[PDB]
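Here's a solo chain for you in structure tokens, the form deposited in one PDB entry.
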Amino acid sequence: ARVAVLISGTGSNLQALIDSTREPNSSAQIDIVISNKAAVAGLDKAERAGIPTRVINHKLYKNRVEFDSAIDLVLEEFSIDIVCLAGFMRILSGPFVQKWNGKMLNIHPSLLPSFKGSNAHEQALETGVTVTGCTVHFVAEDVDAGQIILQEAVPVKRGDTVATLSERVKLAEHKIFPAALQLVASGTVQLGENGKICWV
């Protein structure tokens, strides 16, 4: 299966995906990395790995729909099967999401359905949970509400900050994002007709 990875920053999850998809038994290949922001570390990671990059700055398009269209055109250019959002911090439009329904994955640094949104660690710390974690899910129109593929729990330690907690949770993200990609790319897991997760 041919994979696009969308990023907005550092790209530690991108690197984990690059590493996993180069294993001999990988059912996924990363054929394009797309960033909405320029000069981000994730782009260096892709180039260093010999993967094509495209920057599509969302601040030259009149609205959300035509920004996504610019993404979609590139996805078509590279005959993409699966899209991974890996620290991509832009909300995608309804039609774009519907087109890629069952073919687009996202990593989120909480145990969904807890702490939806862009500041999950802040929320987890404010709430006072002693167990948080991360989630890979299919992307649906409503943010962080799509069908869950894998999760991993991660303890919160006394005195944690966003810095120390995100560091711990990223270790788990780097495990379940590649595992989830392999499950979907091999056809082992799919979004079923009834919308629920189907394990074939």
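Rigid core here is just the name for the largest C-alpha set that superposes within 1.5 Å across the two forms. All residue numbers are counted from 1 along the displayed sequence.
There is another form of this protein, the form deposited in another entry, and it is not shown here; the text below is about that form.
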Mobile residue between the shown form and the other one, C-alpha criterion 2 Å or more, rigid core, from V139, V156, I30, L43: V156
Residue shift check between the shown form and the other one, rigid core fit, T127 Cα at least 2 Å: yes
Rigid core superposition, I56 Cα moves 2 angstroms or more between the shown form and the other one: no
